[PDB]
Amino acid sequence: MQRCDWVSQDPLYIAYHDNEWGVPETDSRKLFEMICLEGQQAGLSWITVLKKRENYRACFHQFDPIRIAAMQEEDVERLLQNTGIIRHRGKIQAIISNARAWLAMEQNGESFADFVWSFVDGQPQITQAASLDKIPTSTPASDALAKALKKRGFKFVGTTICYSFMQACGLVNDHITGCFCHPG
């Protein structure tokens, strides 16, 4: 089975690639979880975060924004000691900030899913790249999404993070042409 260049031999990474990455996600809560996990990747490899994803789901209340938004300074200082996540105060606080930011949107008219999908025009763009070096790391759309998220109070959401989120949640489909998951 030929797969994208970034997939290691780790079966956890293989299942994530085959079953989740690039598959259009339209659920607001799932999208919220993914923008949070992409921010947790900053400066690190994605596999580090993926391997910890079950720990994140346990520590952050299955990414239910109401439960997250109720977390306090004491929770942050507790999580800073938890070796199952990334022990970085700014990143832990970012998940809490992001949950409050999502609530401020959703209690006030704006679907997070409608909002992120507004940065793509119709069907997800399918890459024409045969190799990872020909796939962009950010685009005009990811630039726009990052700027809009920051305006709305989100943290750890720059253009490169936003583009990786777009790939992951299938707002673009960046499976290389030779990958068995490419919609060839």
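Counting begins at 1, following the sequence as shown.
Visitor: Using the B-factors recorded in the PDB entry, average over the C-alpha atoms of 173-181 and of 1-9, then report which stretch comes out higher.
Guide: Stretch with the greater average CA B-factor: 1-9.
Visitor: In the PDB record, does 94-102 or 109-117 carry the higher mean Cα temperature factor?
Guide: It is 109-117.
Visitor: Name the third of the chain's ranked CA B-factors that contains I35, choosing lowest, middle or highest.
Guide: Middle third.
Visitor: Would you mind ranking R89 by its C-alpha B-factor against the rest of the chain and naming the third, lowest, middle or highest?
Guide: Lowest third - that is where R89 ends up once the chain's C-alpha B-factors are sorted.
Visitor: Which third of the chain holds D133 when residues are ordered by C-alpha B factor: lowest, middle or highest?
Guide: According to the entry, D133 has a C-alpha B-factor in the chain's highest third.
Visitor: Split the chain's modelled residues into thirds by Cα B-factor; is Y56 in the lowest, middle or highest one?
Guide: Lowest third.
Visitor: Sorting the chain's CA B-factors, does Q123 end up in the lowest, middle or highest third?
Guide: Ranked within chain, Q123 CA B lands in the highest tercile.
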